[PDB]
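K.L.:
Next input, structure requested:
(5 chains)
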Amino acid sequence: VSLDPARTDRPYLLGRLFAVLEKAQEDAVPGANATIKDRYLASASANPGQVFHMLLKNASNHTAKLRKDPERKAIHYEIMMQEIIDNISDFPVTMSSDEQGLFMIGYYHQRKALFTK
Amino acid sequence: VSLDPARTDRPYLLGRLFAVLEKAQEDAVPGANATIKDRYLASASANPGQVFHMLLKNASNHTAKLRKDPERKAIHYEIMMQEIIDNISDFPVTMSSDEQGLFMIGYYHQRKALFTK
Amino acid sequence: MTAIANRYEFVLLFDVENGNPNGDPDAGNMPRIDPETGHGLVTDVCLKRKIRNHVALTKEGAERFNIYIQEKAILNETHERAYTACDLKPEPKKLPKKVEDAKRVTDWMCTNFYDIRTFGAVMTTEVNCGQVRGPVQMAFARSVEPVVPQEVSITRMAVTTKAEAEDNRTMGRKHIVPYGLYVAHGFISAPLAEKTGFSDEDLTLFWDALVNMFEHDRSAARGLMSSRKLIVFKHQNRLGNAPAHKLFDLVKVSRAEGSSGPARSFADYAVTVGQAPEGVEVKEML
Amino acid sequence: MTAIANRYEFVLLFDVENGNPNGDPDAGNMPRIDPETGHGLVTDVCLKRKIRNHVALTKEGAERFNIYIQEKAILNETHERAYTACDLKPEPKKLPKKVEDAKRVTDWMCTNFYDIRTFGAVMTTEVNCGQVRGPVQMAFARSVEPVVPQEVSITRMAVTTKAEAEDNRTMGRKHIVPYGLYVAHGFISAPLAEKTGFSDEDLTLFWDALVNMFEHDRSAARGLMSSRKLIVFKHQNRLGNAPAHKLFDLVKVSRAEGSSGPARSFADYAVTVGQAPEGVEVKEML
Amino acid sequence: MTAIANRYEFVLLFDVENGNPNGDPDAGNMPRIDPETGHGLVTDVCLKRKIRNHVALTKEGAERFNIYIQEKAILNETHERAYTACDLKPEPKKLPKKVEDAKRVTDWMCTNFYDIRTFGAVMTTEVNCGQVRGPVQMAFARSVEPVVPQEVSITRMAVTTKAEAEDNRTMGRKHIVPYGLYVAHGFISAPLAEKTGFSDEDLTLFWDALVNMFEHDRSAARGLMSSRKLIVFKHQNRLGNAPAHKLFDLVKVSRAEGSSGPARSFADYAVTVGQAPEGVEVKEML
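P.N.:
Residues are numbered from 1 along each chain as shown, chains lettered A, B, ... in the order given. Next up is the structure itself:
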């Protein structure tokens, strides 16, 4: 059992989206004392609608800067983010605790995948 | 060693996860009047679906605290949690009595492993 | 003794906000939960204690409305009062050998103390007054949905005797249920009311106590608790004409259209009461 | 001193701007939040501490207005003070055997300590002085909308101690709530006031403390905290005329017209107070 | 040290042009912003550092105006100076066993160091000296309307070290706010000044520092940074005659008439100050 790229469960998709956003932020701005995980892991699961808007806004600049320099993963990050957002019908205003556990599972599964290679 | 990292029984893996979170908390806040086991063992086994996400937020905070200084292991615990959750597809809504017994066995097995020199 | 003439069932709905409805003596003080589903539990003794407190507050020890359990009272001393009121000498462990005398002491206990008359009591001790079963019974109150108790760390800026340091100086602890809606079932037995004398004014006072239990229970650890609904089923005859479980099933509690996220107010639930059977009357205006 | 004669319920609205209203000892020092819904929390203990501080600041420790829970105070010393004032001898861990003496010792410190008279206290230490419930109780304050606390990383221009790498930079962190409007509920009971002697003078002082609670606890972490509304419901009866939850529901907080983004000022909300029931009087202290 | 005898509140208006008023350590040294709304932020710590620098520049280490937090300083060695000046022996971790000795140490620290006397300090290190509450407090400065921090890439003509990849005209970057008007709130409490000795000469020096804060802070990272308005509210008595938030609301900032585009100078804003309550005096230092 590992990351399932076809689970299409909204909390799971949101967790994967959070993981990829964290990876993109780490790549774009290294050396941060508090990663976006430390800053918004709780808020993202509790209120996906309010914060994922802000995080996605910022992430556009983050992949933009990576594209500027001559390294490329950030096209992969942009494609992944777009796919997950398409699989998500709409961002919930609030999520129940079990949905948040599923969010955490999805986040960790996506984290494991990006670690490889 | 008696811990079986290749077992992958969901109650066993959840027990291991609980043990590693307890270790992370006790490392981040030495001298705390109560371990996370004392605080959340009842709720964790009674309703795993709705509380493990909270435990994971707390463990993320503890690992972030650990990461700030050379006493940092934080990578070790983060890797353990990412590995264990990799084998979980979903949190149980409830656990049977024998399932909870296996949960306790896994917790105690994992705890001893982290005590090794 | 003009005891009640009808059988009753009732359902009580009450909730808590950021409070501890009932602490667990052997689990620190964590709110009681179902150890396999996470639903909250409140013991019947807790609700009965609140009813006793309400009766004591509202009657102020009037005649025939004393509280037997009271607080730090010695029960054998109260048994001796009954024995002296009947002009009898208590044996070391035994009831009066004459059955009429044995009933006189128990009748005195029932007629003097409201809570004995209502909930019954076990008085078999060194001063034996017999036992009473109690017309009114309540079952454990169970939360509609699982609860997640949270420990809250508290610090105190004062020390008790001499600080170890002489940095922090104290680290307290609070337990709260962020929110929970509890359902309590109860029964009233006319046959037993006839034994104890539980009358209609007692029943009215009991309904009042249920409606106003928590209004005078405020404390630091209680949070905000209140009574929301009180459905009363009044059977048309002494022995009743409908099973209790069938009547309890007429009260449906379900998550409302605001089902998003965890519940945090009574408005997150919808409560509906169905039609009562033929020989049963349902009064819900409480 | 004569106790109050009416039952009170009150609602307090206060907000914080770019500050930590109440730190969490467990979660590092992040402001307390509801882990499931993200709403901010402030323990009743924090607000009671601020009331204690305001009373101490304004009354200057005058007679009958001392604060029992005080910084670096040894509580057993105060218990011994009470015992000596009543000229009893404190048996270790035990109250005086005669109930009159116990009532005297409890009443002494219920009389000359404002916060014991108001919020009660637990004094069953090695020098036992009993316990008090206190007429005034407050529940956890809860933000009306979710709060997204921001961690702020800061640098220090100096090093605490000499070391190989330490004259050198160091890293710190601050936690702030960018903005949050909190609602606090409270109750005052006439019976417990009669038990403790909490009088109308104490009640006016309590209202003053609530209105001016935050004006004197400014610090580098608190940011700007302010009291915005204070609605008090006064019942004509000693025991009340309406449920507490019904009165609290009269105060409604909602986003104003044209407020779209996350709230960042009190102008983003509209607060309206409904019509109180017949036997209840509603006043806006602020 | 005769402390001040009035309560004060002030609002400071300062703006930055093509500069980085305060970099964010976490966000790659970009200017701090409120991520949800885009308004710029400047920590109170930054302004306090600027005031400390101005004090050090103007007084040059006078006997009463030393700065406790300095770039080249070890804080434990400074605490040891306080202990020596009080001929006490610093025990490994705790304050002097006698309260008078601890007060002497803390008073020495407050007396000699201006910044401890003004903003307070946390000196509970290995050489413990206690703590101070900082009679003067400031909140985070927040821009009037959202800022758009730019990133400008720059090239270095030289190469820091010999590299085989050489030519290596390395690419650097600066972060810039095209323009931003910031509003900072602050408080001064007489009760804490009494505990610390913050006097009127200190208050005049503080006003001078606020007025001339940025004139000696020029550097490559920062642009043209200047203070524009300084409104001071003096209360007639030791405590408040009005809430702080009411006074702050008297200062209103809005776009000047006919200014349609994004703000790029202080002329694009209009600042108006209302009439303060009868018990509060308004002074405009700038």
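K.L.:
who's in contact with residue C:147?
P.N.:
Residue C:147 makes contacts with C:31, C:33, C:38-40, C:177-180, as judged by C-beta atoms under 8 Å, 6 or more residues apart in numbering or on different chains. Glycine gets a C-beta too; all of them are placed from N, C-alpha and C.
K.L.:
contacts for the longest helix anywhere in chain C?
P.N.:
If you go by DSSP state H, chain C has its longest helix at helix C:44-59. For helix C:44-59, the external contacting residues (C-beta under 8 Å, 6+ apart) are C:12, C:21-22, C:65, C:67, C:69, C:114-115, C:118-119, C:137-141, C:184, C:205-206, C:208-210, C:212-214, C:216-217, D:191, D:239.
K.L.:
coming back round to it: and the contacts of residue C:147 near chain D, which?
P.N.:
Restricting the contacts of residue C:147 to those near chain D by C-beta under 8 Å from any C-beta of the partner chain leaves residue C:178.
K.L.:
So which of the contacts of residue C:147 wins on neighbours?
P.N.:
residue C:180 (27 neighbours; other C-beta atoms under 10 Å in any protein chain shown).
K.L.:
my guess is it contacts residue C:142, does it?
P.N.:
No. Using C-beta atoms under 8 Å, residue C:180 makes no contact with residue C:142, being 9.9 Å away.
K.L.:
Mutual contacts of those two, please.
P.N.:
Counting by C-beta under 8 Å, 6+ apart, the common neighbours of residue C:180 and residue C:142 are residue C:40.
K.L.:
mind listing the helices for the stretch 151-286 of chain C?
P.N.:
All helices of the stretch 151-286 of chain C, identified by DSSP state H, counting those that start in this stretch, fall at C:190-196, C:200-212, C:244-248.
K.L.:
The longest helix of chain C: what's the following helix or strand?
P.N.:
Under the assignment DSSP states H and E, the closest C-terminal helix or strand after helix C:44-59 is helix C:75-85.
K.L.:
Could you tell me which residues of the stretch 101-250 of chain C lie near chain B?
P.N.:
Checking the stretch 101-250 of chain C against chain B by C-beta under 8 Å from any C-beta, the hits are C:146, C:148-149, C:151, C:171, C:173.
K.L.:
do the same with chain A
P.N.:
Contacts of chain A with chain B, taken as C-beta under 8 Å from any C-beta, map to A:1-4, A:33-35, A:37-38, A:41-42, A:45, A:96-98, A:100-105, A:108-109, A:111-112, A:115.
K.L.:
What ranges does chain A have for its helices?
P.N.:
Here chain A has its helices, by DSSP H, at A:10-28, A:36-46, A:48-68, A:75-87, A:97-115.
K.L.:
Mean neighbour count added to these, as CSV?
P.N.:
What follows is the helices of chain A, written out as CSV (neighbours: other C-beta atoms under 10 Å in any protein chain shown):
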stretch, mean neighbour count
helix A:10-28, 24
helix A:36-46, 24
helix A:48-68, 17
helix A:75-87, 16
helix A:97-115, 23
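K.L.:
Columns mean neighbour count and distance to residue E:258 on top of the helices of the stretch 151-286 of chain C, output as TSV?
P.N.:
Shown next, in TSV, are the helices of the stretch 151-286 of chain C (neighbours: other C-beta atoms under 10 Å in any protein chain shown; distance: least, C-beta to C-beta, whole Å):
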stretch	mean neighbour count	distance to residue E:258
helix C:190-196	20	85
helix C:200-212	17	65
helix C:244-248	15	73
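K.L.:
Which one, of those helices, ends up nearest to residue A:8?
P.N.:
Smallest distance to residue A:8 across those (C-beta to C-beta): 40.7 Å, for helix C:244-248.
K.L.:
who touches that closest one?
P.N.:
Helix C:244-248 is contacted by residues C:9, C:11, C:185, C:187, C:233, C:276-277, C:280, C:282 when judged by C-beta under 8 Å, 6+ apart.
K.L.:
farthest-separated two in the residues of the stretch 101-250 of chain C next to chain B?
P.N.:
So, those by C-beta to C-beta: farthest apart are C:146 and C:171, at 28.5 Å.
K.L.:
more neighbours, these two?
P.N.:
Each of residue C:146 and residue C:171 has its neighbours counted (other C-beta under 10 Å); residue C:146 has more, 23 against 15.
K.L.:
I'd say that one and residue C:36 touch.
P.N.:
No. Using C-beta under 8 Å, residue C:146 makes no contact with residue C:36, being 10.6 Å away.
K.L.:
any idea how far the spatially most central residue of chain A lies from residue A:36?
P.N.:
By C-alpha atoms, centre = their mean, chain A has its centre lying nearest to residue A:18, at 2.1 Å. Going from residue A:18 to residue A:36 by C-beta to C-beta, to the nearest Å gives 8 Å.
K.L.:
Now the element after the host helix or strand of residue C:105, going C-ward?
P.N.:
For residue C:105, the host element (DSSP H and E) is helix C:99-112. Where DSSP H and E defines the elements, the next helix or strand beyond helix C:99-112 is helix C:114-119.
K.L.:
Let me see the contact set for the residue in the stretch 1-150 of chain C that chain A sits nearest to.
P.N.:
Nearest residue of the stretch 1-150 of chain C to chain A: residue C:148, at 6.8 Å (C-beta to the nearest C-beta). Neighbouring residues of residue C:148 by C-beta under 8 Å, 6+ apart: A:97, B:43, B:47, B:50-51, B:54, C:38, C:177-178, D:36.
K.L.:
how many other residues sit next to residue C:277?
P.N.:
Around residue C:277 there are 17 residues (other C-beta under 10 Å).
K.L.:
is it true that it touches residue C:242?
P.N.:
Yes. Taking contacts as C-beta under 8 Å, residue C:277 lies within contact range of residue C:242: 4.5 Å.
K.L.:
what angle do the longest strand along chain C and helix B:36-46 make?
P.N.:
What stands out as the longest strand in chain C, according to DSSP state E, is strand C:171-188. Comparing the axes of strand C:171-188 and helix B:36-46 via axes from the mean of the first three to the mean of the last three C-alpha atoms, to 10 degrees yields an angle of 30 degrees.
K.L.:
From the contact counts, what lies against strand C:171-188?
P.N.:
strand C:8-19, strand C:39-42, strand C:136-138, strand C:141-146, strand C:150-155, helix C:244-248, strand C:251-255 (3 or more C-beta pairs under 8 Å, 6 or more residues apart in numbering or on different chains; DSSP states H and E).
K.L.:
what's the residue nearest to residue C:170 when sequence neighbours are not counted in contact with, if anything?
P.N.:
Using C-beta to C-beta, 6 or more residues apart in numbering or on different chains and skipping the chain neighbours, the partner closest in space to residue C:170 is residue C:156 (3.9 Å). By C-beta under 8 Å, 6+ apart, residue C:156 lies in contact with C:169-170, C:172, D:69.
K.L.:
got it, and residue C:189?
P.N.:
Contact analysis of residue C:189 by C-beta under 8 Å, 6+ apart lists C:7, C:135-137.
K.L.:
and of these, the nearest to chain B?
P.N.:
Taking these together and measuring to chain B by C-beta to the nearest C-beta, the closest member is residue C:137, at 27.4 Å.
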